[PDB]
Structure formats: structure tokens, C-alpha cells
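Each residue of the sequence shown is one higher than the one before, counting from 6 in this note's numbering.
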Amino acid sequence: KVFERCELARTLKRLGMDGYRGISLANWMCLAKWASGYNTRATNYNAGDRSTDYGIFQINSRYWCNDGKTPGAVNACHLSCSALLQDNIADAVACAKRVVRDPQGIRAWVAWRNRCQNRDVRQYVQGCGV
């Protein structure tokens, strides 16, 4: 599923993402936009280390979810990577909250550092009623 911008913003708010570990909804929106284009089916294989990023938040198979084919997998979210390809993002959200409980927080995602950090991200939530 490819979410519409405001549809996703409201969904994330309902799921408790606004202000989670000090991270504003706009920051989460900026991440989803650049990581997957708000697409739950997005996958990207990293040939170099043989890991794959899954779903709307592009969560990596080495540290967070298990796909069974990634060497050195830890499966911190205790979830099958398959759960991150559903139209329902409840599982992706639960796992994204786990990622940010580590000290690095949202900096764990390069996409956020490259496209969102130190920029004005208010645009991502404007007019969504959140």
C-alpha cells in the first residue's frame, strides 16, 4: 500500500508516534517519505552485506527483523520481516519504536540524516489535521 501523505500522518498519530522518545510526527513523516515514498511494499537488497531493508520505514534484516537469509541477524524486534510488508503498519510501527529506544534514536536511519536532519520538516504534516 502507498499511503497518501495526510492519511499516513493521522495513522501514525493514532499509533502513538507523535513525540515518541522525543521525535515529532514531522520527523517520522520525513523519514517514511525518503525511505520508501510511503510505500509498505518497498524492499531494497544491500548486495554488499547481504541484508535487506523492509517496508515503509526500511527496517534492516541484520538487526531488527528476521528473514532467515541474512548473516549475523539479531532480530531485535522479534518479528518476521514479512510483517513489515503488510498494508497494516502496526507491526512496522512497533519495530520502529524499538529501533529508536537505542541511544542513536532516529539517527539510525541514514535517509533521515541525509534528508531530514537540520532542515525544516513542518511541510510534511501541514494541512493533515494532526
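Beta carbons: idealized from backbone N, C-alpha and C, even for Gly.
Going by CA-CA distance only, name the one from the options that's closest to residue i.
i, options, result
"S87", "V126, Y59 and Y50", "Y59"
"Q63", "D54, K38 and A78", "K38"
"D54", "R106, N123, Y68 and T45", "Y68"
"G42", "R120, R127 and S29", "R120"
"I28", "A52, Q109, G134 and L13", "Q109"
"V105", "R19, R26, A14 and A40", "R26"
"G132", "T45, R15 and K6", "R15"
"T57", "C82, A40 and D72", "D72"
"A101", "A78, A40, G134 and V135", "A40"
"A81", "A99, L90, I94 and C11", "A99"
"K74", "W114, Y129 and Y50", "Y50"
Label residue i either buried or exposed according to how many other C-beta atoms from any shown protein chain fall within 10 Å of its C-beta, with 16 as the threshold for buried.
i, result
"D96", "buried"
"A31", "buried"
"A52", "exposed"
"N123", "exposed"
With DSSP as the reference, identify every bridge partner of residue i, one or two as the case may be.
i, result
"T48", "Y59"
"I111", "According to DSSP, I111 bridges with nothing at all."
Assuming residue i contacts residue j (C-beta within less than 8 Å), just tell me the rounded distance between them.
i, j, result
"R118", "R127", "Not confirmed; about 18 Å, so no contact."
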